[PDB]
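Okay, protein-v5.pdb now, which holds PDB, C-alpha atoms and all ligand atoms:
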MODEL        1
ATOM      1  CA  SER F   1       2.135   1.725  21.919
ATOM      2  CA  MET F   2       0.615  -1.660  20.974
ATOM      3  CA  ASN F   3      -0.101  -2.860  17.420
ATOM      4  CA  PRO F   4      -3.708  -2.880  16.199
ATOM      5  CA  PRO F   5      -5.204  -5.742  14.236
ATOM      6  CA  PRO F   6      -3.959  -5.477  10.641
ATOM      7  CA  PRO F   7      -6.263  -4.301   7.847
ATOM      8  CA  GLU F   8      -8.438  -7.131   6.571
ATOM      9  CA  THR F   9      -7.494  -9.018   3.476
ATOM     10  CA  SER F  10     -10.505 -11.339   3.406
ATOM     11  CA  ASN F  11     -14.198 -10.586   3.713
ATOM     12  CA  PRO F  12     -16.409 -13.265   2.124
ATOM     13  CA  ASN F  13     -19.499 -11.079   1.947
ATOM     14  CA  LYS F  14     -17.702  -8.193   0.179
ATOM     15  CA  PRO F  15     -18.422  -8.579  -3.544
ATOM     16  CA  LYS F  16     -15.312  -9.032  -5.691
ATOM     17  CA  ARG F  17     -14.072  -8.800  -9.285
ATOM     18  CA  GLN F  18     -11.066  -9.752 -11.338
ATOM     19  CA  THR F  19     -10.788  -6.987 -13.937
ATOM     20  CA  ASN F  20      -8.005  -6.159 -16.389
ATOM     21  CA  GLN F  21      -7.272  -2.984 -14.398
ATOM     22  CA  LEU F  22      -6.964  -4.972 -11.158
ATOM     23  CA  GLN F  23      -4.769  -7.482 -12.958
ATOM     24  CA  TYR F  24      -2.496  -4.578 -14.046
ATOM     25  CA  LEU F  25      -2.455  -3.299 -10.468
ATOM     26  CA  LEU F  26      -0.981  -6.653  -9.409
ATOM     27  CA  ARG F  27       1.236  -7.608 -12.358
ATOM     28  CA  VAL F  28       2.623  -4.143 -13.073
ATOM     29  CA  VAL F  29       2.042  -1.708 -10.184
ATOM     30  CA  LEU F  30       2.494  -3.837  -7.099
ATOM     31  CA  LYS F  31       5.194  -6.004  -8.669
ATOM     32  CA  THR F  32       7.205  -2.912  -9.696
ATOM     33  CA  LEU F  33       7.084  -1.328  -6.221
ATOM     34  CA  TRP F  34       7.566  -4.604  -4.352
ATOM     35  CA  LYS F  35      10.887  -5.369  -6.038
ATOM     36  CA  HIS F  36      12.353  -1.892  -5.537
ATOM     37  CA  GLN F  37      15.351  -1.405  -3.241
ATOM     38  CA  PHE F  38      13.262   0.915  -1.046
ATOM     39  CA  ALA F  39      10.255  -1.419  -0.737
ATOM     40  CA  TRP F  40      11.186  -3.105   2.532
ATOM     41  CA  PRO F  41       9.673  -0.613   5.055
ATOM     42  CA  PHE F  42       6.389  -0.887   3.130
ATOM     43  CA  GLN F  43       6.113  -4.677   2.668
ATOM     44  CA  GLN F  44       4.176  -5.325   5.899
ATOM     45  CA  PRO F  45       2.104  -3.435   8.470
ATOM     46  CA  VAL F  46       4.111  -1.023  10.623
ATOM     47  CA  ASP F  47       5.218  -2.908  13.745
ATOM     48  CA  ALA F  48       5.120  -0.064  16.212
ATOM     49  CA  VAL F  49       6.411  -2.294  18.989
ATOM     50  CA  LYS F  50       9.581  -3.549  17.222
ATOM     51  CA  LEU F  51      10.183  -0.111  15.704
ATOM     52  CA  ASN F  52       9.593   1.682  19.018
ATOM     53  CA  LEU F  53       7.000   4.057  17.575
ATOM     54  CA  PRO F  54       4.509   4.149  20.427
ATOM     55  CA  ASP F  55       2.583   7.080  18.908
ATOM     56  CA  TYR F  56       2.350   5.648  15.356
ATOM     57  CA  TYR F  57      -1.193   4.320  15.683
ATOM     58  CA  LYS F  58      -2.259   7.350  17.692
ATOM     59  CA  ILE F  59      -1.557   9.419  14.539
ATOM     60  CA  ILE F  60      -2.224   6.899  11.743
ATOM     61  CA  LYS F  61      -5.855   5.739  11.926
ATOM     62  CA  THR F  62      -6.058   4.235   8.436
ATOM     63  CA  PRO F  63      -2.909   2.061   8.232
ATOM     64  CA  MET F  64      -1.980   0.530   4.898
ATOM     65  CA  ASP F  65       1.053  -1.292   3.506
ATOM     66  CA  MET F  66       2.027  -3.291   0.410
ATOM     67  CA  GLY F  67       1.874  -6.644   2.231
ATOM     68  CA  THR F  68      -1.814  -5.961   2.768
ATOM     69  CA  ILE F  69      -2.281  -4.693  -0.796
ATOM     70  CA  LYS F  70      -0.475  -7.767  -2.172
ATOM     71  CA  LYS F  71      -2.757 -10.088  -0.210
ATOM     72  CA  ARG F  72      -5.842  -8.098  -1.241
ATOM     73  CA  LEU F  73      -4.852  -8.407  -4.874
ATOM     74  CA  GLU F  74      -3.906 -12.092  -4.675
ATOM     75  CA  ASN F  75      -7.141 -12.866  -2.848
ATOM     76  CA  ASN F  76      -9.320 -10.779  -5.192
ATOM     77  CA  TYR F  77     -10.516  -8.577  -2.330
ATOM     78  CA  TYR F  78     -11.345  -5.563  -4.508
ATOM     79  CA  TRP F  79     -14.312  -4.600  -6.622
ATOM     80  CA  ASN F  80     -12.482  -1.952  -8.605
ATOM     81  CA  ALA F  81      -9.114  -0.415  -9.375
ATOM     82  CA  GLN F  82      -9.991   2.778  -7.473
ATOM     83  CA  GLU F  83     -10.145   0.854  -4.192
ATOM     84  CA  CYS F  84      -6.653  -0.459  -4.711
ATOM     85  CA  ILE F  85      -5.246   2.894  -5.907
ATOM     86  CA  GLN F  86      -6.719   4.404  -2.753
ATOM     87  CA  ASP F  87      -4.833   1.847  -0.644
ATOM     88  CA  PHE F  88      -1.501   2.851  -2.270
ATOM     89  CA  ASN F  89      -2.297   6.538  -1.749
ATOM     90  CA  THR F  90      -3.219   5.882   1.906
ATOM     91  CA  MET F  91       0.112   4.111   2.404
ATOM     92  CA  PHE F  92       2.116   7.052   0.975
ATOM     93  CA  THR F  93       0.013   9.677   2.805
ATOM     94  CA  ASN F  94       0.474   7.906   6.118
ATOM     95  CA  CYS F  95       4.222   7.987   5.646
ATOM     96  CA  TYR F  96       4.191  11.729   4.917
ATOM     97  CA  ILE F  97       1.789  12.449   7.850
ATOM     98  CA  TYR F  98       3.767  10.550  10.437
ATOM     99  CA  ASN F  99       7.346  11.331   9.441
ATOM    100  CA  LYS F 100       9.446  14.482   9.250
ATOM    101  CA  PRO F 101      10.017  16.122   5.936
ATOM    102  CA  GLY F 102      13.327  14.902   4.483
ATOM    103  CA  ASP F 103      13.573  11.662   6.556
ATOM    104  CA  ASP F 104      14.907   8.569   4.751
ATOM    105  CA  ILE F 105      11.521   6.933   4.875
ATOM    106  CA  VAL F 106       9.979   9.947   3.117
ATOM    107  CA  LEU F 107      12.522   9.760   0.302
ATOM    108  CA  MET F 108      11.800   6.025   0.025
ATOM    109  CA  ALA F 109       8.068   6.629  -0.201
ATOM    110  CA  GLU F 110       8.653   9.338  -2.784
ATOM    111  CA  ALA F 111      10.664   6.990  -4.989
ATOM    112  CA  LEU F 112       7.928   4.326  -4.828
ATOM    113  CA  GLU F 113       5.215   6.928  -5.401
ATOM    114  CA  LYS F 114       6.960   8.257  -8.531
ATOM    115  CA  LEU F 115       6.861   4.746  -9.987
ATOM    116  CA  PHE F 116       3.251   4.268  -8.861
ATOM    117  CA  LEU F 117       2.271   7.498 -10.658
ATOM    118  CA  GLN F 118       4.119   6.473 -13.831
ATOM    119  CA  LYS F 119       2.344   3.064 -13.849
ATOM    120  CA  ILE F 120      -1.132   4.426 -12.996
ATOM    121  CA  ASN F 121      -0.757   6.878 -15.905
ATOM    122  CA  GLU F 122      -0.992   3.803 -18.158
ATOM    123  CA  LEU F 123      -3.766   2.004 -16.394
ATOM    124  CA  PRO F 124      -5.484   0.126 -19.231
ATOM    125  CA  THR F 125      -9.000   0.912 -20.317
ATOM    126  CA  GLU F 126     -11.464  -1.663 -18.935
TER     127      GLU F 126
HETATM  128  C1  LIG J 201       6.263   2.967   6.558
HETATM  129  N1  LIG J 201       7.118   3.075   7.777
HETATM  130  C2  LIG J 201       7.187   4.263   8.406
HETATM  131  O1  LIG J 201       6.569   5.262   8.010
HETATM  132  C3  LIG J 201       8.098   4.312   9.658
HETATM  133  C4  LIG J 201       7.379   5.085  10.728
HETATM  134  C5  LIG J 201       9.387   5.061   9.298
HETATM  135  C6  LIG J 201       8.442   2.919  10.156
ENDMDL
END
Show the structure stored in the file as structure tokens.
Amino acid sequence: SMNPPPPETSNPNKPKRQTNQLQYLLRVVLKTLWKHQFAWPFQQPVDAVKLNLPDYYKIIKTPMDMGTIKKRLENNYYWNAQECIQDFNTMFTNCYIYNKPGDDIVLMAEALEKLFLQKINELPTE
């Protein structure tokens, strides 16, 4: 029922890059999803205490959210685009694993994911 530490956003010994694909992931992909009317449940780690979801972190062992992704991107945490794409996919998958099919949150994730897929389809060549 308690919250775990959030995912890290800093790790000085993890090697890092700033690539054109990672730049697109921030300027286009994250910015597009972040501004959406359905972004709000996804802009920060799930607070299982405030939301009264005592089993959330029993089920979701690889938490991820756009607040974390945003900080990772702003702080150049990633080596490659794949790492960041994986973080978005973990976020959507978690939502679909935890929640009931058809729930509001699922529809919200689906709307964000559709946009994510449309933007990733035009990920620039390196
Ligand atoms: C991303 N948030 C969720 O999946 C809830 C469990 C609905 C708070």
Each residue of chain F lying at most 9 Å from ligand LIG 201 (chain J) should get a row with its shortest atom-to-atom pair and the distance in Å to one decimal, counting all atoms listed in the file; could you produce that, ordered by chain and increasing number, as CSV?
residue,atom,partner,partner_atom,distance
F:40,CA,J:LIG201,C1,8.8
F:41,CA,J:LIG201,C1,5.2
F:42,CA,J:LIG201,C1,5.2
F:43,CA,J:LIG201,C1,8.6
F:44,CA,J:LIG201,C1,8.6
F:45,CA,J:LIG201,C1,7.9
F:46,CA,J:LIG201,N1,5.8
F:47,CA,J:LIG201,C6,7.6
F:48,CA,J:LIG201,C6,7.5
F:51,CA,J:LIG201,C6,6.6
F:53,CA,J:LIG201,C4,6.9
F:56,CA,J:LIG201,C4,6.9
F:64,CA,J:LIG201,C1,8.8
F:65,CA,J:LIG201,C1,7.4
F:91,CA,J:LIG201,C1,7.5
F:92,CA,J:LIG201,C1,8.1
F:94,CA,J:LIG201,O1,6.9
F:95,CA,J:LIG201,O1,4.3
F:96,CA,J:LIG201,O1,7.6
F:97,CA,J:LIG201,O1,8.6
F:98,CA,J:LIG201,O1,6.5
F:99,CA,J:LIG201,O1,6.3
F:103,CA,J:LIG201,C5,8.3
F:104,CA,J:LIG201,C5,8.0
F:105,CA,J:LIG201,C5,5.3
F:106,CA,J:LIG201,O1,7.6
F:109,CA,J:LIG201,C1,7.9
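Shortest separation to residue 9 of chain F among F:35, F:100, F:70, F:27 occurs at residue F:70, atoms counted being all atoms listed in the file.
Between residue 17 of chain F and the candidates F:110, F:74, F:87, F:55, the tightest atom-to-atom separation, counting all atoms listed in the file, involves F:74.
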To one decimal in Å, tell me the separation between atom CA of residue 67 of chain F and atom CA of residue 115 of chain F.
17.4 Å
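Note that atom CA of residue 15 of chain F and atom CA of residue 85 of chain F are 17.6 Å apart.
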Residues returned when the PyMOL selection byres (((chain F and resi 11) around 12) and not hetatm) runs on this file, as a PyMOL selection string
chain F and resi 7-10+12-16+72+75-79
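Here atom CA of residue 37 of chain F stands at a distance of 28.3 Å from atom CA of residue 2 of chain F.
Considering the residues F:71, F:107, F:114, F:102 and counting all atoms listed in the file, residue 89 of chain F has its shortest atom-to-atom contact with F:114.
For the choices F:80, F:25, F:57, F:49, the atom-to-atom distance to residue 117 of chain F is smallest for F:25 when using only C-alpha atoms.
Shortest separation to residue 34 of chain F among F:86, F:125, F:62, F:68 occurs at residue F:68, atoms counted being all atoms listed in the file.
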Give me, as a ChimeraX atom specification, all polymer residues having an atom no more than 12 Å from residue 118 of chain F, counting only C-alpha atoms and skipping those fewer than 4 positions away in the same chain.
/F:28-29,32-33,111-114,122-123
Convert the current residue selection to file output with C-alpha atoms, as a PDB file, keeping the file's coordinate frame.
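Written output follows (part.pdb):
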ATOM      1  CA  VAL F  28       2.623  -4.143 -13.073  1.00  0.00           C
ATOM      2  CA  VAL F  29       2.042  -1.708 -10.184  1.00  0.00           C
ATOM      3  CA  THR F  32       7.205  -2.912  -9.696  1.00  0.00           C
ATOM      4  CA  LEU F  33       7.084  -1.328  -6.221  1.00  0.00           C
ATOM      5  CA  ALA F 111      10.664   6.990  -4.989  1.00  0.00           C
ATOM      6  CA  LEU F 112       7.928   4.326  -4.828  1.00  0.00           C
ATOM      7  CA  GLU F 113       5.215   6.928  -5.401  1.00  0.00           C
ATOM      8  CA  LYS F 114       6.960   8.257  -8.531  1.00  0.00           C
ATOM      9  CA  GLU F 122      -0.992   3.803 -18.158  1.00  0.00           C
ATOM     10  CA  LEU F 123      -3.766   2.004 -16.394  1.00  0.00           C
TER      11      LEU F 123
END
Using all atoms listed in the file, which of F:73, F:21, F:101, F:36 sits nearest residue 120 of chain F?
F:21
To box segment 14-18 of chain F, take all atoms listed in the file, fit an axis-aligned box, add 4 Å on each side, and give centre and edge lengths in Å to one decimal, as lines of an AutoDock Vina configuration file.
center_x = -14.7
center_y = -9.0
center_z = -5.6
size_x = 15.4
size_y = 9.6
size_z = 19.5
With the input short on atoms, add N, CA and C atoms back to segment 7-41 of chain F and write it as a PDB file, in the frame of the given file.
ATOM      1  N   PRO F   7      -5.091  -4.455   8.722  1.00  0.00           N
ATOM      2  CA  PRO F   7      -6.263  -4.301   7.847  1.00  0.00           C
ATOM      3  C   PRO F   7      -6.721  -5.660   7.300  1.00  0.00           C
ATOM      4  N   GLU F   8      -8.009  -5.830   7.073  1.00  0.00           N
ATOM      5  CA  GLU F   8      -8.438  -7.131   6.571  1.00  0.00           C
ATOM      6  C   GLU F   8      -8.000  -7.332   5.133  1.00  0.00           C
ATOM      7  N   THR F   9      -7.817  -8.605   4.816  1.00  0.00           N
ATOM      8  CA  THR F   9      -7.494  -9.018   3.476  1.00  0.00           C
ATOM      9  C   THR F   9      -8.493 -10.000   2.912  1.00  0.00           C
ATOM     10  N   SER F  10      -9.451 -10.389   3.751  1.00  0.00           N
ATOM     11  CA  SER F  10     -10.505 -11.339   3.406  1.00  0.00           C
ATOM     12  C   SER F  10     -11.783 -10.825   3.991  1.00  0.00           C
ATOM     13  N   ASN F  11     -12.889 -10.936   3.227  1.00  0.00           N
ATOM     14  CA  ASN F  11     -14.198 -10.586   3.713  1.00  0.00           C
ATOM     15  C   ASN F  11     -15.173 -11.269   2.749  1.00  0.00           C
ATOM     16  N   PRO F  12     -15.656 -12.484   3.101  1.00  0.00           N
ATOM     17  CA  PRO F  12     -16.409 -13.265   2.124  1.00  0.00           C
ATOM     18  C   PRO F  12     -17.646 -12.602   1.630  1.00  0.00           C
ATOM     19  N   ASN F  13     -18.277 -11.731   2.422  1.00  0.00           N
ATOM     20  CA  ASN F  13     -19.499 -11.079   1.947  1.00  0.00           C
ATOM     21  C   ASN F  13     -19.273  -9.804   1.173  1.00  0.00           C
ATOM     22  N   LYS F  14     -18.017  -9.351   1.010  1.00  0.00           N
ATOM     23  CA  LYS F  14     -17.702  -8.193   0.179  1.00  0.00           C
ATOM     24  C   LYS F  14     -17.671  -8.728  -1.270  1.00  0.00           C
ATOM     25  N   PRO F  15     -18.448  -8.116  -2.167  1.00  0.00           N
ATOM     26  CA  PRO F  15     -18.422  -8.579  -3.544  1.00  0.00           C
ATOM     27  C   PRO F  15     -17.070  -8.217  -4.212  1.00  0.00           C
ATOM     28  N   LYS F  16     -16.673  -9.064  -5.157  1.00  0.00           N
ATOM     29  CA  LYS F  16     -15.312  -9.032  -5.691  1.00  0.00           C
ATOM     30  C   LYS F  16     -15.322  -9.088  -7.199  1.00  0.00           C
ATOM     31  N   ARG F  17     -14.278  -8.551  -7.844  1.00  0.00           N
ATOM     32  CA  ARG F  17     -14.072  -8.800  -9.285  1.00  0.00           C
ATOM     33  C   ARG F  17     -12.611  -9.066  -9.579  1.00  0.00           C
ATOM     34  N   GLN F  18     -12.392  -9.673 -10.736  1.00  0.00           N
ATOM     35  CA  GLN F  18     -11.066  -9.752 -11.338  1.00  0.00           C
ATOM     36  C   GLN F  18     -11.155  -9.048 -12.683  1.00  0.00           C
ATOM     37  N   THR F  19     -10.704  -7.797 -12.728  1.00  0.00           N
ATOM     38  CA  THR F  19     -10.788  -6.987 -13.937  1.00  0.00           C
ATOM     39  C   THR F  19      -9.395  -6.804 -14.536  1.00  0.00           C
ATOM     40  N   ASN F  20      -9.304  -6.379 -15.792  1.00  0.00           N
ATOM     41  CA  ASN F  20      -8.005  -6.159 -16.389  1.00  0.00           C
ATOM     42  C   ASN F  20      -7.239  -5.041 -15.684  1.00  0.00           C
ATOM     43  N   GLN F  21      -7.946  -4.048 -15.142  1.00  0.00           N
ATOM     44  CA  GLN F  21      -7.272  -2.984 -14.398  1.00  0.00           C
ATOM     45  C   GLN F  21      -6.710  -3.527 -13.088  1.00  0.00           C
ATOM     46  N   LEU F  22      -7.470  -4.342 -12.367  1.00  0.00           N
ATOM     47  CA  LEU F  22      -6.964  -4.972 -11.158  1.00  0.00           C
ATOM     48  C   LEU F  22      -5.815  -5.917 -11.463  1.00  0.00           C
ATOM     49  N   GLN F  23      -5.869  -6.631 -12.568  1.00  0.00           N
ATOM     50  CA  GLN F  23      -4.769  -7.482 -12.958  1.00  0.00           C
ATOM     51  C   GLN F  23      -3.504  -6.644 -13.168  1.00  0.00           C
ATOM     52  N   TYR F  24      -3.639  -5.484 -13.832  1.00  0.00           N
ATOM     53  CA  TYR F  24      -2.496  -4.578 -14.046  1.00  0.00           C
ATOM     54  C   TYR F  24      -1.958  -4.069 -12.709  1.00  0.00           C
ATOM     55  N   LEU F  25      -2.863  -3.751 -11.770  1.00  0.00           N
ATOM     56  CA  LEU F  25      -2.455  -3.299 -10.468  1.00  0.00           C
ATOM     57  C   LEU F  25      -1.578  -4.329  -9.776  1.00  0.00           C
ATOM     58  N   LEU F  26      -1.827  -5.634  -9.976  1.00  0.00           N
ATOM     59  CA  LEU F  26      -0.981  -6.653  -9.409  1.00  0.00           C
ATOM     60  C   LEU F  26       0.278  -6.871 -10.226  1.00  0.00           C
ATOM     61  N   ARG F  27       0.121  -7.136 -11.524  1.00  0.00           N
ATOM     62  CA  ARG F  27       1.236  -7.608 -12.358  1.00  0.00           C
ATOM     63  C   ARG F  27       2.273  -6.527 -12.666  1.00  0.00           C
ATOM     64  N   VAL F  28       1.777  -5.279 -12.716  1.00  0.00           N
ATOM     65  CA  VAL F  28       2.623  -4.143 -13.073  1.00  0.00           C
ATOM     66  C   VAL F  28       2.854  -3.264 -11.852  1.00  0.00           C
ATOM     67  N   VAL F  29       1.812  -2.737 -11.212  1.00  0.00           N
ATOM     68  CA  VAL F  29       2.042  -1.708 -10.184  1.00  0.00           C
ATOM     69  C   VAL F  29       2.631  -2.306  -8.948  1.00  0.00           C
ATOM     70  N   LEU F  30       1.966  -3.270  -8.333  1.00  0.00           N
ATOM     71  CA  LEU F  30       2.494  -3.837  -7.099  1.00  0.00           C
ATOM     72  C   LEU F  30       3.836  -4.529  -7.343  1.00  0.00           C
ATOM     73  N   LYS F  31       3.962  -5.285  -8.430  1.00  0.00           N
ATOM     74  CA  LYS F  31       5.194  -6.004  -8.669  1.00  0.00           C
ATOM     75  C   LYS F  31       6.372  -5.031  -8.819  1.00  0.00           C
ATOM     76  N   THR F  32       6.156  -3.899  -9.494  1.00  0.00           N
ATOM     77  CA  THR F  32       7.205  -2.912  -9.696  1.00  0.00           C
ATOM     78  C   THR F  32       7.647  -2.340  -8.356  1.00  0.00           C
ATOM     79  N   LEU F  33       6.721  -1.954  -7.488  1.00  0.00           N
ATOM     80  CA  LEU F  33       7.084  -1.328  -6.221  1.00  0.00           C
ATOM     81  C   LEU F  33       7.673  -2.349  -5.261  1.00  0.00           C
ATOM     82  N   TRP F  34       7.188  -3.576  -5.301  1.00  0.00           N
ATOM     83  CA  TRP F  34       7.566  -4.604  -4.352  1.00  0.00           C
ATOM     84  C   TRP F  34       9.027  -4.969  -4.503  1.00  0.00           C
ATOM     85  N   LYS F  35       9.530  -4.980  -5.744  1.00  0.00           N
ATOM     86  CA  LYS F  35      10.887  -5.369  -6.038  1.00  0.00           C
ATOM     87  C   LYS F  35      11.926  -4.278  -5.835  1.00  0.00           C
ATOM     88  N   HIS F  36      11.478  -3.055  -5.601  1.00  0.00           N
ATOM     89  CA  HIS F  36      12.353  -1.892  -5.537  1.00  0.00           C
ATOM     90  C   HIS F  36      13.234  -1.982  -4.305  1.00  0.00           C
ATOM     91  N   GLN F  37      14.442  -1.396  -4.394  1.00  0.00           N
ATOM     92  CA  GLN F  37      15.351  -1.405  -3.241  1.00  0.00           C
ATOM     93  C   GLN F  37      14.799  -0.679  -2.024  1.00  0.00           C
ATOM     94  N   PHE F  38      13.814   0.198  -2.187  1.00  0.00           N
ATOM     95  CA  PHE F  38      13.262   0.915  -1.046  1.00  0.00           C
ATOM     96  C   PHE F  38      11.928   0.337  -0.593  1.00  0.00           C
ATOM     97  N   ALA F  39      11.556  -0.855  -1.107  1.00  0.00           N
ATOM     98  CA  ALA F  39      10.255  -1.419  -0.737  1.00  0.00           C
ATOM     99  C   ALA F  39      10.149  -1.863   0.700  1.00  0.00           C
ATOM    100  N   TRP F  40      11.265  -2.336   1.274  1.00  0.00           N
ATOM    101  CA  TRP F  40      11.186  -3.105   2.532  1.00  0.00           C
ATOM    102  C   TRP F  40      10.412  -2.490   3.688  1.00  0.00           C
ATOM    103  N   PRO F  41      10.453  -1.160   3.921  1.00  0.00           N
ATOM    104  CA  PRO F  41       9.673  -0.613   5.055  1.00  0.00           C
ATOM    105  C   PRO F  41       8.171  -0.699   4.806  1.00  0.00           C
TER     106      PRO F  41
END
